[PDB]
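Step one of this worksheet: look at the structure below.
Both ligands and their constituent atoms are indexed starting at 1 by order of listing. FYI, the numbering just counts along the sequence from 1. Just so you know, these numbers use all the heavy atoms, side chains as well, and skip hydrogens, waters and symmetry mates.
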Amino acid sequence: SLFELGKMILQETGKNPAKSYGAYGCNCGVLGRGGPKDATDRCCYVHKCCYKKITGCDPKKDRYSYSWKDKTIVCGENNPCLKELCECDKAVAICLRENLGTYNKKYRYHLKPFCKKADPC
Ligand SMILES: CCCCCCCCCCCCCC(=O)O
C-alpha cells in the first residue's frame, strides 16, 4: 500500500516520500504517468508501468510485509500480486535513491498537464 512504498522510499532515499516524491515530475507521483522529466521522474514512470501488470491486488491499499535486512528491502511475501507489488515498490525506491543526484526541486510540485502524454507501457 502507500505505507509500505513510502517507507521504502524513505529508508532508501532518506527523504520524506511525500515531500520529495508525492508530486514530482510527470509521474512521481499520484495521477498517471507522463513524459518523464528526468532520472527521478523516470523512476516513478517505470513504477507505474510496474503497477499496471499487477492483477490480484490493489497497490494503493493492499499491505504486504517486508523486512529491512542488511539495509536491503527484503520482500516478505509469497502471494504473487503482493510479491510483485512489493518488488515494484522496492525497485521504485532503489531507483529513486540511485538518481538522487539529478533530483531537481524545480519539478517537485510540477503541474501535471504541463506533461506530455505517456507512451503505452
Ligand atoms: C513514511 C510513511 C510513508 C507514507 C506516505 C506516502 C508516500 C507517498 C509517496 C510515494 C512516491 C511514489 C508514489 C507513486 O508514484 O505512486
ask   = Protein heavy-atom contact under 4.0 Å for atom 5 (C) of ligand 1?
value = no
message = For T40, is there any backbone N or O sitting under 3.5 Å from a side-chain donor or acceptor partner on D38?
response = yes
task = In sequence, state the C-alpha distance, the side-chain angles, and the governing distance for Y64 and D89, and then conclude on side-chain hydrogen bond (donor to acceptor under 3.5 Å, both in side chains).
result = CA-CA 11 Å; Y64 49 76; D89 299 345; 2.8 Å; yes
note = atom 9 (C) of ligand 1: closest protein heavy atom, distance to 0.1 Å, is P17 O, 3.8 Å
ask   = Of all the non-hydrogen atoms in the protein, which one sits nearest to atom 15 (O) of ligand 1, and at what distance?
value = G29 CA, 3.3 Å
ask   = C43-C28 sulfur separation below 2.5 Å?
value = no
task = Spell out, yes or no, whether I73 and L2 are grouped together once hydrophobic residues are joined by side-chain heavy atoms under 4.5 Å, including indirect joins.
result = yes
key: SB check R97 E12 (cutoff 4.0 Å)   = yes
Element-labelled atoms of ligand 1 that are located less than 4.0 Å from some non-hydrogen atom of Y21 = 11 (C)
note = Nearest heavy atom to atom 2 (C) of ligand 1, choosing from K7, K19, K60, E4, belongs to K7
query = Honestly, is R33 close enough over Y45, meaning NZ or CZ under 6.0 Å from the six-membered ring centre and within 45° of the axis?
reply = yes
query = To the nearest 0.1 Å, how far is atom 11 (C) of ligand 1 from its closest protein heavy atom, and which atom is that?
reply = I9 CD1, 3.5 Å
request  = Answer with yes or no after comparing the ring centroid distance for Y103 and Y21 against a 6.0 Å cut-off, counting only values under it.
outcome  = yes
ask   = Which of the atoms in ligand 1, numbered in the order shown and given with their element, are less than 4.0 Å from a heavy-atom of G6?
value = 3 (C), 7 (C)
remark   = Within 4.0 Å of some non-hydrogen atom of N27, the atoms of ligand 1 are 15 (O)
ask   = Identify the closest protein heavy atom to atom 13 (C) of ligand 1: which residue and atom is it, and at what distance?
value = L5 CD2, 3.6 Å
